[PDB]
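S.K.: Chains as they are written, first to last, in the working numbering: chain A, 1 to 94; chain B, 95 to 199; chain C, 200 to 296; chain D, 297 to 391; chain E, 392 to 471; chain F, 472 to 552; chain G, 553 to 604. The C-beta atom is built at its ideal place from N, Cα and C for all residues, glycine as well.
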Amino acid sequence: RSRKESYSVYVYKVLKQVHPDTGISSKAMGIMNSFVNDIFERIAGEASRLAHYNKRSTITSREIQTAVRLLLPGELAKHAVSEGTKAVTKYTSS
Amino acid sequence: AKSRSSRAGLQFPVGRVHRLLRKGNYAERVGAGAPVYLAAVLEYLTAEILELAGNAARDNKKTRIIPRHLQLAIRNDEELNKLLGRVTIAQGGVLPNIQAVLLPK
Amino acid sequence: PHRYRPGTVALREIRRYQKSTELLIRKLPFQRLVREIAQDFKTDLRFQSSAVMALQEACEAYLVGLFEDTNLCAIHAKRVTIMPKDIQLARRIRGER
Amino acid sequence: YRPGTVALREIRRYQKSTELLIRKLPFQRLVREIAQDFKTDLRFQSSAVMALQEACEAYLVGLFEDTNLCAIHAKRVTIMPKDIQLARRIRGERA
Amino acid sequence: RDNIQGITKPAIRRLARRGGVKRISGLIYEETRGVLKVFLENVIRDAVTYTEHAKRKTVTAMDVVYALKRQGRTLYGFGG
Amino acid sequence: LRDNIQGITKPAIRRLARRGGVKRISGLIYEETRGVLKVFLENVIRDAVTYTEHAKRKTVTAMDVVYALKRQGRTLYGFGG
Amino acid sequence: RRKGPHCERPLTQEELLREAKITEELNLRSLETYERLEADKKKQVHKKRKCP
DNA sequence: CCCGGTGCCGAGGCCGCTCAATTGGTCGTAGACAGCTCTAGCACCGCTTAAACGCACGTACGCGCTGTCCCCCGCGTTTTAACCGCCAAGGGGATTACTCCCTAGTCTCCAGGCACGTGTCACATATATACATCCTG
DNA sequence: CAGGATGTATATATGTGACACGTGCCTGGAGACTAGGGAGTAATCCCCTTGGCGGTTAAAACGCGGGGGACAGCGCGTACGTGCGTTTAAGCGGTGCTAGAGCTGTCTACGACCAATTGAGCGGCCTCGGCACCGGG
């Protein structure tokens, strides 16, 4: 067989973190994986476009931040930016 | 020894995200913090949607997120709706809503 | 005998099918139509069982949205009933025409 | 003149030219107003402002072209607010 | 062949119910059939264009998803 | 600035409607058009300022507006060099 | 935590039930004999004429 | 629509292997930052005046009502096929062998992209009668 | 069934904006010429997932009847258009000033890159329990 791959494990872990007792079916898990892949594709494309605009040959955390700003509507953008910045700050300290 | 996900405090695979970014032709140089940031944003969105769908399925006496309630959450949340506007969730159905003009009385 | 007034069973059907999540188009006729359409694009092409289901899902979602916009356009004209002109206006505003 | 003749004349006149229909000096001030809510002391290029005005005019022309059909759908000649509202709703801006 | 009539009046009526309509005209079915036929034709054309380049004898749900994404009707549930 | 949305007057909106084909216009159509134009400019200029701030620039260039319009779906030619 | 189920009518009497079914035997035999006789006396398999 | 019983297959947890993520180590290059500048964005003020604002008047369009005629809607019975299981075999995918195509590097060289000045070369603005093209009689 | 009375073309003209055309620069490109890499084409071949047989009831379909909804006619009212007069700030282009986008020059930390090691993830398998199904209230 091949090795199709998905974020199922991490989706299940986040599902347990948010609702410790509420499970999820296989169809729902696949839909969530597809959503994650589509959001990844969109954010990465926007970051690459920002890099090409700024003539930067690299996609940095700032590019990802601006791509998230250019896509998420308002409060969602403000929360995702805070999450990303906190994650990067905690990563830089280890 | 230590996965970058646990290092940054995230559950998503920072390493897999970095690999996909550097292999997806997005750029010639992936920053050290770019994949961490992207994984953090993805985890935030996933947690939002999972929590909403969980408490939408548990609102119907169930204990397992299904596509119907996933769609219900995505279409009831004004932010997630603008995000996934032109997206269609398979087996998600539609929101219960009958126009007042069609309604009797 | 006993029969409901016009407008009582339509609302029941709406309230039922708006909560039920299942393909409304008939599976085998839709598959035959997909095969017919693909025949005019390439001869002797096979289709995976899941491809036809995905096509049916997408077409049903598109038609549901189209009928929503059609009902909106019909109510805009003070008409509780929809008609092909409503679909025409819906598509015109959507930009499909 | 009969109500409507001088209006069809203006229709045929403005569907023939291509100049900007919104006044520059008033539209640039609106652009700077909307930019103030995002960044203080923000500079704008003349080309950028002209592109913004062109985009706005094209969007409004399309919106009024859809509103005309929305009004005609109700056997009405005058466009009412519900017409633009239906246009926006079916476009997906305020659904 | 001409099996476009497989999308029958009751199916179109149930689709209308799901879309929230409570009353259909007599000439709506022949218009919905043509609209659905055009939408299909387009999506299937894109899918077959993907399959030809893929060199696969079987059209795949992945090709269908790619066609839907090209047409702007992104669909979740079939691996994309 | 303030209340510059009123810089889009009734003659300007009526010319914009004439160019769109409308023959007769109502009274509240002008307010509706002002509100819609303001909502559109809000998003366009938000995208433009997002493209600008990220570039550490103090001037909103025309390419920023072009990219904002592309994001919003309104691809605009004539200002891309 | 507002509503709740209910149930009642827990009654089944062995001997009285035996009597009740021994009585229902009468109705069963009546139905069988009635069906048999009615069929035999009414059907008498045959056909009818046309209505032109 | 809600409630108690049964039931089953799909959800979720365990096993095990491997391949991607990680750790360690190097080069270099795009970038961060400071230095300089010169364009363009900003501010201002006056002469000109075209467009905007306010108001009057009535005419035609919204809109409300009524009436007919029918074209869908609900219900009953009648006819078609969608749907749920078996059985070949036709393809979608693993496995191995091998070559045309592209990568990388380094000179050699045709080509286009402006700085500048010069010479043509549109059609915007202006002017007028000719033509509709009305609308009140 | 006209005619003032407007408005809308149609044609002509000219001179100032702008295409249009040399004149040499050169530096970023464009291609030619060796050497090295590499991934996908091609041929088998094992293995699931299609496409093809016969029944079962469930949904599609045909009809009927009357009922409520579409569409047309008509009229009341008012507001939206057009014209006139008053008012205002919009367009112009003339001058002054400096702010920072941009070019540039230098020094440097970060990431691609390469090799070895390790465990996170994923196919697979099995046991089990959340919800599908159902018949009475």
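Return the residues of the stretch 476-500 of chain F that lie within a Cβ-Cβ distance of less than 7 Å from chain D, sorted by chain order.
M.R.: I476, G478, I479, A483, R486, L487, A488, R489, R490, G491, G492, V493, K494, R495, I496, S497, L499, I500
S.K.: Using a cut-off of 7 Å between C-beta atoms, extract the partners of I281 of chain C located in chain B.
M.R.: None at all; the shortest Cβ gap to chain B is about 10 Å.
S.K.: Can you give me, in chain order, the residues of the stretch 11-24 of chain A that have a beta carbon less than 9 Å from any beta carbon in chain B?
M.R.: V11, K13, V14, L15, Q17, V18, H19, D21, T22, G23, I24
S.K.: Between which two residues does the beta strand (DSSP E) harbouring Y467 of chain E extend?
M.R.: 465-467
S.K.: Assuming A87 of chain A contacts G103 of chain B (C-beta within less than 8 Å), just tell me the rounded distance between them.
M.R.: 7 Å
S.K.: Please confirm whether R152 of chain B has its beta-carbon closer than 9 Å to some beta-carbon of chain A.
M.R.: yes
S.K.: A452 of chain E touches chain C at which residues, Cβ-Cβ below 8 Å?
M.R.: The answer, in chain order, is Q247, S249, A250, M252, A253.
S.K.: Does the count of Cβ pairs from the stretch 241-260 of chain C and the stretch 214-221 of chain C closer than 8 Å reach three?
M.R.: no
S.K.: Is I224 of chain C close to chain B, meaning its C-beta is less than 9 Å from at least one C-beta of that chain?
M.R.: Not one chain B Cβ lies under 9 Å of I224 of chain C.
S.K.: Starting from the C-beta of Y457 of chain E, find all residues in its chain whose C-beta is less than 8 Å away, skip the five residues before and the five after it, and write them out in chain order.
M.R.: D437, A438, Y441, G471
S.K.: Please list the terminal residues of the continuous beta strand (DSSP E) segment that includes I183 of chain B.
M.R.: Taken as a continuous stretch (DSSP letters only), the beta strand (DSSP E) holding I183 of chain B covers 181-183.
S.K.: How long is the line joining the alpha carbons of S48 of chain A and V124 of chain B, rounded to whole angstroms?
M.R.: 10 Å
S.K.: Pick out whichever of D:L348, D:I380, D:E361 has its Cα sitting closest to the Cα of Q324 of chain D.
M.R.: D:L348
S.K.: Run through chain E and tell me which residues come within less than 8 Å of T242 of chain C, C-beta to C-beta.
M.R.: What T242 of chain C touches in chain E: nothing, since even the nearest Cβ is about 11 Å away.
S.K.: Please report the Cβ distance between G491 of chain F and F360 of chain D, rounded to the nearest whole angstrom; I am assuming they are in contact, meaning their Cβ atoms lie under 8 Å.
M.R.: 3 Å
S.K.: Under 9 Å, do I274 of chain C and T423 of chain E count as touching if we go by C-beta distance?
M.R.: no
S.K.: DSSP state of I375 of chain D, grouped into three classes?
M.R.: strand
S.K.: So is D239 of chain C buried or exposed if we call it buried at 16+ other beta carbons inside 10 Å?
M.R.: By the neighbour-count criterion, in which a residue is buried when 16 or more other Cβ atoms sit within 10 angstroms of its Cβ, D239 of chain C is exposed.
S.K.: Below 8 Å on the Cβ atoms is my guess for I236 of chain C versus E443 of chain E; work out the distance and round it to an integer in Å.
M.R.: Their Cβ separation, rounded to whole angstroms, is 16 Å, which puts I236 of chain C and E443 of chain E out of contact at 8 Å.
S.K.: What residues in its chain sit with their C-beta under 7 Å from that of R485 of chain F, if we drop five residues either side in the sequence?
M.R.: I496
S.K.: Return the Cβ separation of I192 of chain B and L210 of chain C in integer angstroms, given the expectation that the two are a contact with Cβ distance under 8 Å.
M.R.: 7 Å
S.K.: Is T449 of chain E helix, strand or coil by DSSP?
M.R.: strand
S.K.: Please report the straight-line C-alpha distance between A257 of chain C and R42 of chain A, rounded to a whole angstrom.
M.R.: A257 of chain C and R42 of chain A: Cα-Cα distance of roughly 21 Å.
S.K.: To which residues of the same chain is residue 367 of chain E closer than 8 Å at the C-beta, ignoring the five residues directly before and after it?
M.R.: It is not possible to answer for residue 367 of chain E, since the shown part of chain E is limited to 392 through 471.
S.K.: Which whole-angstrom value describes the C-beta separation of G74 of chain A and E173 of chain B, a residue pair presumed to lie in contact below a C-beta threshold of 8 Å?
M.R.: 7 Å
S.K.: Relative to the alpha-carbon of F511 of chain F, which residue among F:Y501, F:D474, F:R545 has its alpha-carbon at the smallest distance?
M.R.: F:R545
S.K.: Let me check one thing: in DSSP terms, what residues is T58 of chain A bridge-paired to?
M.R.: B:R123
S.K.: Name the chain C residues that come within less than 7 Å of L166 of chain B, Cβ to Cβ?
M.R.: Ordered by position in chain C, no residue passes the 7 Å Cβ test against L166 of chain B, which lies about 10 Å from the chain.
S.K.: From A526 of chain F to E46 of chain A, what does the alpha carbon distance come to, in whole angstroms?
M.R.: 15 Å
S.K.: Specify whether the stretch 143-157 of chain B and the stretch 79-94 of chain A touch according to this definition: at least 3 beta carbon pairs, one from each stretch, less than 8 Å apart.
M.R.: no
S.K.: Tell me whether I159 of chain B sits in a helix, a strand or coil according to DSSP, three-state version.
M.R.: strand
S.K.: What is the residue span of the alpha helix (DSSP H) that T523 of chain F lies within?
M.R.: Start and end: 500-525.
S.K.: Beta-carbon separation of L114 of chain B and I39 of chain A under 9 Å?
M.R.: no
S.K.: How close, in whole Å, do the beta carbons of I183 of chain B and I31 of chain A come, if the pair is a contact with beta carbons under 8 Å?
M.R.: 6 Å
S.K.: To which residues of the same chain is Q185 of chain B closer than 6 Å at the C-beta, ignoring the five residues directly before and after it?
M.R.: In chain order, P161 place their CB closer than 6 Å to the CB of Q185 of chain B, counting only its own chain and leaving out the 5 sequence neighbours on each side.
S.K.: Just confirm the distance between the C-beta atoms of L15 of chain A and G148 of chain B, as a whole number of angstroms; I'd bet it's less than 8 Å.
M.R.: 7 Å
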